[PDB]
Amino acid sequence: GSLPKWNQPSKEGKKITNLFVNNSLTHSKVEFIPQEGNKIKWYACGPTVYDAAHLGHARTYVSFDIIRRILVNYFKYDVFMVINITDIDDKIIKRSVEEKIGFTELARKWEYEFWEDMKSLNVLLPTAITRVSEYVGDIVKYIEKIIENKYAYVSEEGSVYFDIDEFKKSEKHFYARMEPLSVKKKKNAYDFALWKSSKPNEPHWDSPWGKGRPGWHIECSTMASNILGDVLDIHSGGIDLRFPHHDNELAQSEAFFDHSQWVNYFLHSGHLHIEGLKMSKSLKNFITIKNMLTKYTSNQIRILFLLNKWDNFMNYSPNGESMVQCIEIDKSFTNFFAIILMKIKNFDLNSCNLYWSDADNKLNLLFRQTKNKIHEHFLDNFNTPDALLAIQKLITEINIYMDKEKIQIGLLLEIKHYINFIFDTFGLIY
């Protein structure tokens, strides 16, 4: 009644880690519970491929890459991830006439460069990549089912619009679950297009209602539903997408399956700001990922994001100001591996003593303690800023121990392997 309800998955038969995540469906941190076993079905909104990707895009896809690496590499969940490519869009159509190359060729160019930028940043590719151009037929079938369930109507011009009022009336459906307060051819202004009648000279596709294009949001419901099904464990995106885009996805999918909860956990990354405003192509304040990579390394850019909680906004000071700290941390990690590898290489079993000393025991106690601190940090909504700090403090103490104390060779190797494990989870390469 007047407020959306959320149903936590049952814990029986599920992998229970006591992980808590910031869920935009509850606007709170709640325990994460798989729908089935240790499996996570995850859909993340992808880019609109008409121009270069910038540092703001890097923040979202790197941040959810880190979260994915924590879920899989650290907690041993089984993640099945899908990311779409929006290769049909008003921006793509307009840009293609300006550039006087085919719309498919333009979209394929900037999709190719998007994945190259992701690879440059050590971002894992998803399990599946779904292009709108390859799913238009499935989109048409999806819209047909929504109409059959009486949740969409066809205008005379040949467009199809979602019927918000009819959808709300159903007791099992609520519109705008995550931003309830954000709410001629249409019944009501809040109705949004599932199928757009095509304007002349635009690319178009056949449908039962006439030549047209998919609407802004129908592509994501169709693709996620086809591959992942009627319940998603995780759906992700930047916070700007929460409404209208993500709330409208929930309405479309609920209308298709005629059920109440298409997504269990909705995660939204915070925006990267530059001089107080979201980094955006519109504001012309953006730094491309390629330009960023001519000045800084993949590790340094990922450290920038590791230092900022994924779901909070962050301020990026350009001209290297924000990257001063990132460069210092990367340099100390590189030097740590140089030193510890050298101490291991030069260790002589024949002459050195291996008595387990008080100094050895103290370092070990700090080592196991650091493992538990980092475990709590990851459970605490993927708190990488504090996990990174824990590693820094441990490295500070290993450096002291290596300089003076007689070194336990096995202890140093064990610690090196643990730090490698955490850095693999972070996406750092040393």
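In case it trips you up, residue 1 is the first one in the sequence shown, and so on. For clarity, a rigid core is taken as the largest C-alpha set superposing within 1.5 Å between two forms.
Rigid core superposed, root mean square over structures and residues, which stretch has C-alphas farther from this form in 8 other deposited structures of this protein, 340 to 348 or 321 to 329? Per-stretch check in 8 other deposited structures of this protein: the more divergent one is 340 to 348.
Outlying stretch relative to shown form, 166 to 174 versus 275 to 283 in 8 other deposited structures of this protein, C-alpha RMS (core): Between 166 to 174 and 275 to 283, greater C-alpha deviation in 8 other deposited structures of this protein belongs to 275 to 283.
At least a third of other PDB entries omit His259: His259: modelled in all of the comparison entries.
Unmodelled in at least a third of other entries of this protein, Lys94: no, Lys94 modelled in all other entries.
Chain break class for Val183 to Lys184, judged by how many deposited residues have no coordinates: Per the deposited record, the segment joining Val183 and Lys184 lacks coordinates for 10 or more residues.
Once you work out the mean C-alpha B-factor for both 70 to 78 and 161 to 169 from the entry, which is higher? Higher mean C-alpha B-factor: 161 to 169.
Between 316 to 324 and 114 to 122 (mean CA B-factor, as deposited), the higher: Averaging CA B-factors over each stretch, the winner is 316 to 324.
Just to confirm, going by the entry's C-alpha B-factors, which of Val263, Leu283, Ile239, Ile129 comes out highest? It is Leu283.
Using the temperature factors of the C-alpha atoms in this entry, rank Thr60 within its chain: lowest, middle or highest third. Bottom third by C-alpha B-factor.
Considering every modelled residue of the chain and its Cα B-factor in the PDB entry, is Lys29 in the lowest, middle or highest third? Middle third - that is where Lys29 ends up once the chain's C-alpha B-factors are sorted.
Which third of the chain holds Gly137 when residues are ordered by C-alpha B factor: lowest, middle or highest? CA B-factor rank for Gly137: lowest third.
CA B-factor placement of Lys331, once the chain's modelled residues are sorted into thirds: Its C-alpha B-factor, which the entry lists for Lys331, ranks in the middle third among residues of this chain.
Of the three thirds of its chain by CA temperature factor, lowest, middle or highest, which one includes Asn346? Highest third.
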